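One line per chain: the protein sequences are A, B, C, D, E, F and G, in this order. Just add 51 to the spot in the first sequence (first one is 1) and you have full-length UniProt numbering. Just add 36 to the spot in the second sequence (first one is 1) and you have full-length UniProt numbering. Just add 636 to the spot in the third sequence (first one is 1) and you have full-length UniProt numbering. Counted from 1, the fourth sequence has number 2 at position 2 by full-length UniProt numbering; the numbering is strictly sequential. Just add 4 to the spot in the fifth sequence (first one is 1) and you have full-length UniProt numbering. Just add 23 to the spot in the sixth sequence (first one is 1) and you have full-length UniProt numbering. Just add 70 to the spot in the seventh sequence (first one is 1) and you have full-length UniProt numbering. Quick reminder that beta carbons are idealized off the backbone N, C-alpha and C, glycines included.
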Amino acid sequence: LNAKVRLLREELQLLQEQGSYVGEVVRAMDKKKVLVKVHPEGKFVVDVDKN
Amino acid sequence: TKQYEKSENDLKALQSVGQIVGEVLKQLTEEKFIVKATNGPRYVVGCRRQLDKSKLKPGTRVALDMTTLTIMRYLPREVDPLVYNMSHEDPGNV
Amino acid sequence: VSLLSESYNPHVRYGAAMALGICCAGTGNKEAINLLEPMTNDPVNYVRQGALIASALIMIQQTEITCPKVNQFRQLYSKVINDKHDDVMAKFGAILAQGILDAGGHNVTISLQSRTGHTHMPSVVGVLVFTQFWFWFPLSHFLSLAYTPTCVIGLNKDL
Amino acid sequence: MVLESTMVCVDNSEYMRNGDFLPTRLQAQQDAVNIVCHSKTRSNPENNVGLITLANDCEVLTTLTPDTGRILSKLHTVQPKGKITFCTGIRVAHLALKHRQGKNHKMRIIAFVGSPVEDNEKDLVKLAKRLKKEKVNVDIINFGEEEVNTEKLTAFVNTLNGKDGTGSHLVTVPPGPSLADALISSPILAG
Amino acid sequence: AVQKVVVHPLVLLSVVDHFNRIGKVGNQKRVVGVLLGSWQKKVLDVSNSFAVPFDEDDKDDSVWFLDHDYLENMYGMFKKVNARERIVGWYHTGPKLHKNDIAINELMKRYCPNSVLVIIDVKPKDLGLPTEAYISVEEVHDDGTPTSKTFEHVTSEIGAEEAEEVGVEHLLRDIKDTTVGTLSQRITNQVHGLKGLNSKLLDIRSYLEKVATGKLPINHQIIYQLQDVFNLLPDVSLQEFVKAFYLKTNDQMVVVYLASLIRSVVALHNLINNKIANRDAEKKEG
Amino acid sequence: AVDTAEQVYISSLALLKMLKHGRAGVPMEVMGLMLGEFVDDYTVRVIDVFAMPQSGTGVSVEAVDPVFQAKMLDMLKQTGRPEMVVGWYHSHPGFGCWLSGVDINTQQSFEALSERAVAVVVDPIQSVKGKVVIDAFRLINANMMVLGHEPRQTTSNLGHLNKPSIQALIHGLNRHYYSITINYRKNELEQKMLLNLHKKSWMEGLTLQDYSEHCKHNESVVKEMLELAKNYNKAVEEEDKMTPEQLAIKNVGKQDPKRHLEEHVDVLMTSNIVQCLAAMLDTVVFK
Amino acid sequence: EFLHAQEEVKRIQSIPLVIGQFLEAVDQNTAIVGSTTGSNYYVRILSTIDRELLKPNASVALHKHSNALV
Ligand SMILES: [Zn+2]
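This is how it looks when you write it as structure tokens:
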């Protein structure tokens, strides 16, 4: 329980500058990359993601 | 000769950046004011002691800090085309 | 001390690694090593350093055939010091630990307990002043008194 | 210039309301305060001079300060009615002189006594031996009416200092009509 | 008039640390300074203050003198940096005031219409909530004697706003906080009897002492009147206090029943979920 | 020439004035001045903190008034402690306390008069209460950029100070600046009373007054407040009695929550406060 | 120290904040939340209160940069 309040600190640090986005895959690519379209933004294409 | 130095001293006061406009939506507490920028984003901030809390009111045009994003000065109303709607001129009368 | 090594603050975790370091250095206990494995993995900087020196005292004069973690650790000492991303603090005790294992050309070790049953005071005094090496850097030289020779001397008599 | 801090004591006792001094002791001693404050101004700029009332309950109207505007402001409408108090009138000046910023400035006190005092000889001898230890030098100028050819105060000044101390000078006014500005002529020329 | 006052730990500390200023140079007497208050309502509040050099001669044991020019300059600086702050009165560290302190108020009464003097204590000992607050008023008397000025007690409380609570709570690092519901009410429950006793016991020893020594007055007038008021309450049954018994217990009736109501529910969720998570989780591992 | 680890000793009186002067200036950044004594290069202490008057131009190198300093120093010379000033501090209310181009402009002015002149930043906002908060900075020499910039000795406090890092803006000051450690000192006597002052604040004056007023409360409207608790115990429990049945539907504790769940702990704690303050009746009212 | 840790989770970020619209919680410990900037963000939920104030749709106040639910 003392470790969870510390975990919130580090996790805050990773989500502080950019947090994390919400993507929408329009198509997947042969190079392991994945065409992703964000609602406010333009379309991207991004890769593995080993998990 | 000295009037110039008066102007240059005015520049020293111009080293203070213009504040950012906004509106007052509500206020959650005295240190939590629910505000919105004229550009769309909404915020909750406290403020300094130079305000009168009752004078704030919802739906109020205010100016915010560039960092704290909080009210320092405020103005009631502004409109650009109005004075131009009042600037019409016509002779007569006669 | 297994449960104190899990404490929330790394200060008690540091003292807790040091306890196992200085007390078990005259022994080849593997349980102490097992509790000092996760200590170098803590995200805190200096606690990892503590694990380096403690693990250096458990392996004095003990080769790989003693405990299987000797080479495991010896690659870690050089790995942490050749990586620029790591903290300078943590990589201080790395080369320092390489000095512990290699002290005297591997020929000497530290012994707080003679076989006679009495404690060796230059050993104890040296190491206890060596506890805090940050506060005074020349205090790291008092550890040289803790080094004792391990040898078989077959001198018959006189010269 | 010599470094010191002078403390003036204006006489508001009920015996100063008479017009024996021309035109009245209030304006007579007021002009005395003007000449001494301008004298300290011409001496050194660092020397500061406050005032203290001796009659009734002693109160410091103006704390020690180098400007005389406040002093001249308090000389007016002072309402000079009460009984003179002497034994505490030197000690108050010493009290404001222990709070002084400068330790180089010597402790100096001037006071005007225009009324008889009920202080016993033993009290004044105790304060004399005390001011010797505190080294404080007090220059008194006697005004008004008192015991003819004032004795207790004269011997007080002589026994307060010694060797030399050149020193504390007590100038007693002779019983005759004269302008006050002419009475301050002898003390302002030499102590 | 004034009801209660609020003194912050910041200004209080500002008295104590000045006691360290004159502590090394000594010697006698006590720290005397002028208090800066903030008045937002009938309730009084203190924020900051400033010390003033003060010395009391002994001859002359009733002689008191303050620095007026220094007062002007320092109060002008604090009025410059803070427009809301102003002098509400003065303060001294006591520990007990002297008869001479009556005129000290009369001096600065030209600065403030009503100047409240606040005693404080630099060395905490006894008997409870620290400091003190006095207001200067004239109640005359039924005797027709000339008007006597006696200071009246004003209840004081320690408080703060926001930032001043931060440092105060941060620097302690000593005792649990609070904790409400368990150790906040019981500790103060013993505090009620303890601080009630010692207050009553020191003062009740005073009452027995006042007639032997300390006469006059002492007693009279204020003593006998409050004496009979103390004899106004015995105070128990007969009668109706007998009838409060079973309704107090009856207020405990539903409370014990609600207690036992949720006690079984706690045991419910805990035992059910844990025994399942015990044996059913262990059976898959081995 | 000699660079070592540094340490700041703060006084209980100092921090309290810091956060106050900073609170009154929000949002606008204020200008304070640090007061204390230089004992050596590797240690420093701040024994006092005094506030400067605000100006319409704001924080600037010219914001320090020399005549104001000589006056204030008059008031401090006649005080028991006439110690020389040491450095300056300024509040940074709305951000993460990074030194700006205005702060550096007054750093080189203090480094010529004072050898160290520790730069301190204090903000009430970034911390609720129990944080150590504040901050501290030091200007490294920019003309040394050709030689080794990498001390110190006794790197312990250096390691704990540079951590956590903690975002980016904080790291943007590693160059041209380096922080300096802060540690409290006691002064435990006055600290002991300072605890008991706030704690006793909740307690009563006579201590028999507000507890007996809570005894007047012990029957108010407390039978009605116990009817408030009775409605929470009916309304929360008849919907928390469907939960043991719903656990069989979802099988078993998968998310969830509802809620409407628990909350009886606070009800029992308030009822326990009621019964204890009510148990004081038989103690107080009787004798 | 645990009661002292509660102040560590309340400490960040205190004031000020930026409003957004809560969308939904993808699971325990992290959620997706629409910002007033008009962007949905995968964002952690504060370890203190994850539950009763969540609701399907509600205006939620977030830190400026971290967009962290409080
Ligand atoms: Zn700045």
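- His157(E) sits in a strand when the DSSP states are folded into three classes.
- For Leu40(E), the enclosing beta strand (DSSP E) stretches over residues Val36 to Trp43.
- Here DSSP, grouped into helix, strand and coil, assigns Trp111(F) to strand.
- For a cut-off of 8 Å, the C-beta gap from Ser294(F) to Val259(E) is around 5 Å, short enough to register as a contact.
- The segment 248 to 303 of chain F contains, as complete alpha helix (DSSP H) runs of 4+ residues, the segments 266 to 273 (chain order).
- The Cβ atoms of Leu75(E) and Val56(E) sit closer than 8 Å to each other.
- Nearest Cα to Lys134(G) within the set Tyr120(B), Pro77(B), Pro94(B) and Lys91(B): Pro77(B).
- By the neighbour-count criterion, in which a residue is buried when 16 or more other Cβ atoms sit within 10 angstroms of its Cβ, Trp94(E) is buried.
- DSSP places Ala99(B) within a strand segment (E or B) once states are collapsed to three.
- For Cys9(D), the enclosing beta strand (DSSP E) starts and ends at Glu4 to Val10.
- Going by DSSP, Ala135(F) is part of the alpha helix (DSSP H) stretching over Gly124 to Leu136.
- From the beta-carbon of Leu105(B), the residues of chain G found nearer than 7 Å are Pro86.
- Per DSSP, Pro785(C) is one residue of the beta strand (DSSP E) stretching across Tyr783 to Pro785.
- No Cβ of chain F is located within less than 8 Å of the beta carbon of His133(G).
- In the three-state DSSP reduction, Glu143(E) falls in the coil class, being neither helix nor strand.
- Counting along the chain, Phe709(C) sits inside the alpha helix (DSSP H) bounded by residues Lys705 to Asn718.
- Linking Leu64(B) to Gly153(F) through their CA atoms gives a straight-line distance of about 24 Å.
- Proximity to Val172(E) across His12(E), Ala5(E) and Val6(E) peaks at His12(E), based on C-alpha coordinates.
- No residue range can be given for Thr177(F), since it is assigned to no beta strand (DSSP E) and is classified by DSSP as neither H nor E.
- Neighbours of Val297(F) in chain E, taken as residues whose beta carbon is under 9 Å from its own, are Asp255 and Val259 in chain order.
- At least one heavy atom of ligand 1 lies less than 7 Å from the C-beta of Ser123(F).
- Residue pairing of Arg114(G) in beta bridges, as defined by DSSP: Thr100(G).
- Taking the C-beta atoms as reference points, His99(D) is found nearer than 8 Å to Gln101(F).
- Residue-level contact check: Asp722(C) does not touch chain F, since none of the beta carbons of chain F fall below 8 Å from its beta carbon.
- Looking from the CA of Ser34(F), the closest CA among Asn206(F), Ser235(F) and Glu138(F) belongs to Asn206(F).
- Closer than 7 Å to some heavy atom of ligand 1: that describes the Cβ of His113(F).
- Taking C-alpha positions only, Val96(G) is separated from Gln189(E) by approximately 43 Å.
- Between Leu86(A) and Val76(A), the C-beta spacing is below 8 Å.
- Under the three-state reduction of DSSP, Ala167(E) is assigned to helix.
- By the Cβ criterion, the segment 112 to 124 of chain G is not in contact with the segment 296 to 304 of chain F, since fewer than three pairs of Cβ atoms, one from each stretch, lie closer than 8 Å.
- Counting along the chain, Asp139(D) sits inside the beta strand (DSSP E) bounded by residues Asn137 to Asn142.
- When 8 Å is used as the limit between beta carbons, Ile179(E) is near these residues of chain F: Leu218 and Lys222, in chain order.
- Contact annotation, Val15(E) with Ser42(E): C-beta distance approximately 10 Å; criterion of less than 8 Å not satisfied.
- Taking 8 Å as the upper bound on Cβ-Cβ separation, chain A lies near residues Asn110, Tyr111, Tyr112, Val113, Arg114, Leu116 and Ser117 of the segment 110 to 122 of chain G.
- The closest heavy atom of ligand 1 lies less than 7 Å from the beta carbon of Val82(F).
- Taking C-alpha positions only, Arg108(D) is separated from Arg91(D) by approximately 12 Å.
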